[PDB]
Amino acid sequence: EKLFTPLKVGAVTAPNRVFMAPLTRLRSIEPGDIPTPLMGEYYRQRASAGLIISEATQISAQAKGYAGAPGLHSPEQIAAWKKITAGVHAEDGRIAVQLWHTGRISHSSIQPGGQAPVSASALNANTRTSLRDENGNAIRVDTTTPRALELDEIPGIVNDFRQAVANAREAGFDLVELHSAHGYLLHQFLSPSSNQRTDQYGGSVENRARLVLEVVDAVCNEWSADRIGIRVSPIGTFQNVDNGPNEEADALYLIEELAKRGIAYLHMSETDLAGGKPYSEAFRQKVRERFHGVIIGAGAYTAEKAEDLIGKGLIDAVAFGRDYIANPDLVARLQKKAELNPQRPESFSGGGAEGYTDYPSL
């Protein structure tokens, strides 16, 4: 077994390869999109993970697409996250913040000024996001048609990622993960399905990847390349965003570009919850030969699949999502071959302590 052996992940050393995937739980305070001590307790419970990757966190108020998702743009958010990271560190854990802009997976009612959310192009996501009703409970609501960003707005978006990274470093995170997956803003630019622009940010794969690579360069400059990871979902369809008619070649282009920056890790979200065709081993080999940082695999993994792919030299670590919701001590359970706690999906999104901090350890 290799899952319980250490791994250098850029600037930090994980004691094992069992990572906590980023999981949106929608329990932040409004007004202010503020993390809470309850969230702190939840993360502290999971500190034995090789690496915790936080729930997706707004780089700016405009970035918001979900009621209850936290930000990392305001003083009050910075202060609240500082307490959370301190708690994880007191338990000898490591925690990365996943930073997003939701782009068109959003609703005007939660945007600044009540305005349409932004994207690469003015095309509805044709999906839902999560708002809160009058009692503060999560509700699914159809997405608002976005406004296409003007060319002169792009530097501001890059700066918002840069600023959020400055704030994340201050807040005590060990790493940052850029959310370039699952049909959110960066992926909206990457995908031809959502990007119909005819300027330098659309058309060719070079142009479609331009924004994400500008963001990577800006955040490496703000902090250090060995503090930066990126999550992609570049093969298949996620929240109605496919990866276009040349998905493999386009993915390999992006990955070769990322490699030039010497970033800490590449996190591949391989499938959504409904599943689909597995990655070919040929594709995994092509990725592996092009990227020289850590590769994290995710999407309905088992420990056995993770061991197989680590043993084949194709990935370095695995991120578990739902098993981490339900098992604060997932590392010990996988090490001991213990049963896993029964998941309660009704409390994944929104609410309070129930279904959040009340899953027991062994």
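Numbers for residues come from their place in the sequence shown, where the first is 1.
Of the two stretches examined, 141-149 and 239-247, the record assigns the greater average C-alpha temperature factor to 239-247. Averaged over CA atoms, B-factors in the entry run higher in 128-136 than in the other of 128-136 and 281-289. When the C-alpha B-factors of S121, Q163, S233, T85 are read from the PDB record, the largest value belongs to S121. Out of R333, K64, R44, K312, the entry records its largest CA B-factor for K312.
In the deposited entry, the Cα temperature factor of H89 sits in the middle third of values across the chain's modelled residues.
The entry lists a Cα temperature factor for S349 that places it in the highest third of the chain's modelled residues. Among all modelled residues in this chain, the alpha-carbon of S108 has a temperature factor (C-alpha) in the middle third.
The PDB entry assigns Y253 a C-alpha temperature factor belonging to the highest third of its chain's modelled residues.
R169: CA B factor lies in the lowest third for its chain, per the PDB record.
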